[PDB]
Amino acid sequence: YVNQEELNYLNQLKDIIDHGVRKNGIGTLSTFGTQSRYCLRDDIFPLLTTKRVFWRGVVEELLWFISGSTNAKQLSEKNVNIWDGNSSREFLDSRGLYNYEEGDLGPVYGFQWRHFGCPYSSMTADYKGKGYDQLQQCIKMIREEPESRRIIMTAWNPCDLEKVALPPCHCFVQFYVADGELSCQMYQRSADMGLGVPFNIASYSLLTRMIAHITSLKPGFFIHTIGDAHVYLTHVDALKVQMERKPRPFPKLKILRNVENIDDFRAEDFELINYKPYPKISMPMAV
Amino acid sequence: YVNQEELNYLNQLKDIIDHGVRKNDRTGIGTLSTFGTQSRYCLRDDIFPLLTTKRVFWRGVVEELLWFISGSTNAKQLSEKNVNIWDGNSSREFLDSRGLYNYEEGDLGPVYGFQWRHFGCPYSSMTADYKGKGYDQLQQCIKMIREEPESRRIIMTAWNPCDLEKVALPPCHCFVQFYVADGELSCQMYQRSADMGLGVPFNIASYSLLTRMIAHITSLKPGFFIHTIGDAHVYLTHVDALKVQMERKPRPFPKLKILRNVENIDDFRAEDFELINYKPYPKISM
Ligand SMILES: *[C@H]1C/C(=N\O)NC(=O)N1[C@H]1C[C@H](O)[C@@H](COP(=O)(O)O)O1
Ligand SMILES: *[C@H]1C/C(=N\O)NC(=O)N1[C@H]1C[C@H](O)[C@@H](COP(=O)(O)O)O1
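What the deposited record gives as its method is X-ray crystallography, and the resolution it gives is 1.1790 Å.

Written as structure tokens, this is what we have:
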């Protein structure tokens, strides 16, 4: 067996490492404009196998996004620390966000998805009923106008850029319905191919499965489009090791309950079948 | 001589026509469709991707883009330059069908130009004074290209869900990112909905021209235009005409020369652009 989708990812890593352009004083190798397709049919789920992906973090982060939260403490208290570095006192101060409490990411993903256009005050404020709920509107359009070419969720509001700890990387999403199947395309302005991309593929494939479930559709495809696709120079050796590994079949993902609505999912609803990755890679310095 | 980038476009037409999904659509005409495509067009050596297997309305590309840049949403300003491409979506009849009863004819609502130059400003009408209002994304992108060319955040969006009830037609070409490496400016545009027959050739030219303009004013060389599409479709009414086009071996693209030094994006004029050796096959109307 050969996992063509994962091999394609490894081939894109190889193209960046061997032929990418240096961009900086910390350095990357970079290319601009890539696209990959991941088949979600038969419940196959594109969780990469050549290096273990932090699946628990994928699930918890996505449920947190869906809830509309921008409070990284809520995620950290669930033992997922991936947003703690971008919401520390030191990082916030470095962005000039001196009045934000630690944990306040500003109006990032969850807020844009559920409350677009609402003025942001802080992560603890009530936003219920405020702003444009793009996530619910997309679900509505999938069900009411599946032919639509306008089923869009944006995370990009230039008016909010001064208020965010980090501008959203995964910033534009479109859904599509054909032949009883739901597909999703996500546009990512900036992608760390080594650490971010595998996690991000899983996040949006999971979102697609969740929405397909509550819209009574079968899963189609996840299409990942990238602007600046890059690898950090310090990671090149670890990625060279990873590229020598043989991808295994992807796992399957099952949803174990008839879930009521997009806000009703729980971590325990998701079963990953036969996920057998290689271990995470750590390369000691030698020079 | 053969043109590989145009051959790729023709191959995409063939795949949609032979294998696309039949969709009903907003217009009621019906389409063959695929979801998720990407193509790259090289802008090096002044080569300019104006398709050759049919004539593209170049004068309309230029005038429409200068109009976008100005921030205008008044289709009468284009129509008065004998560019009628937005007249159908801004007639009294169409505006009334969208519930836009108080718009004067010509008012497209807060579409491309308004979003590029005035994002977030409440829209009233096409004739209101928006000078200095909203977020000038176009000028901010140019500033970032000049001052922080390595940035991974050089973005212009045309999508504001809060404005969707005010527009005649929601923007099709709706997200743009710029990128600088090795002294070359590239641009990727995301198009949620692409009429492969009529729209796409025009849209490729529009964003390639914008990339050339911005490279020129920032003293960069042009790199690539990357076109990413959501719903790429062919209207059933277009299939026969597109079958004529797919039988043609594309010719090499023209070159585009910019004829004077221009320092600000708002300073370009139509006569600054010279299209060299554009040699299209006989026109195909749809
Ligand atoms: C941004 C965040 C993400 N998911 O939330 N995925 C990513 O891969 N990233 C990476 C891209 C880049 O290396 C860095 C963001 O820095 P810039 O804002 O300068 O692009 O994080
Ligand atoms: C929208 C406008 C454009 N340039 O201005 N390019 C395009 O190709 N279009 C096409 C896409 C589609 O056929 C139609 C818009 O209808 P929807 O809003 O229903 O997608 O125009």
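Novice: What's the story with the site of ligand 1 in this structure? I'm lost.
Specialist: The local shell around ligand 1 holds 16 residues, among which A:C169, A:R189, A:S190, A:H230 and B:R153 are the closest. One nitrogen or oxygen atom from the side chain of B:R152 is found 2.9 Å from an oxygen atom belonging to ligand 1. A distance of 2.9 Å separates an oxygen atom of ligand 1 from a polar side-chain atom of B:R153. Burial of ligand 1 by the protein chains amounts to 82% of its free accessible area of 470 Å². Going through the elements one at a time, β5 (181-192), α7 (196-214) and β6 (218-232) of chain A are the ones with two or more residues in the shell around ligand 1. In terms of residue count, the dominant contributor to the shell around ligand 1 is β5(A) (5 residues). Grouping the amino acids of the shell around ligand 1 by side-chain chemistry returns 6 nonpolar, 6 polar and 4 charged.

Novice: Can you help me understand the UniProt feature "active site" (unreviewed entry) in chain B in this one?
Specialist: The UniProt entry lists B:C172 under the feature "active site" (unreviewed entry), expressed in the numbering used here. Here B:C172 lies in the loop between β3 (155-157) and β4 (173-181).

Novice: Please explain the site of ligand 2 as it appears in this structure.
Specialist: As a matter of local geometry, ligand 2 sits amid 17 residues, with B:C172, B:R192, B:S193, B:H233 and B:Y235 nearest to it. Near ligand 2, the surrounding residues are drawn from chains A and B. B:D195 places a main-chain nitrogen or oxygen 3.1 Å from an oxygen atom of ligand 2. Alone, ligand 2 offers 480 Å² of accessible surface; in the complex the protein occludes 89% of this.

The rules behind each value
Residues numbered from 1 in each chain as written, not as in the entry; some residues may be left out. Chains lettered and ligands numbered in written order. Heavy atoms only, no water. Near = heavy atom within 4 Å. Polar contact = N/O pair within 3.5 Å; in protein donor to acceptor, adjacent residues only side chain to side chain. Areas by Shrake-Rupley, 256 points an atom, 1.4 Å probe, with all protein chains shown as cover. Helix = DSSP H or I, 4+ residues; strand = E, 2+ residues; numbered from the N terminus. Nonpolar A, V, L, I, M, F, W, Y, C, P; charged D, E, K, R; others polar. UniProt positions renumbered as here; feature names shortened; annotations may be inferred.

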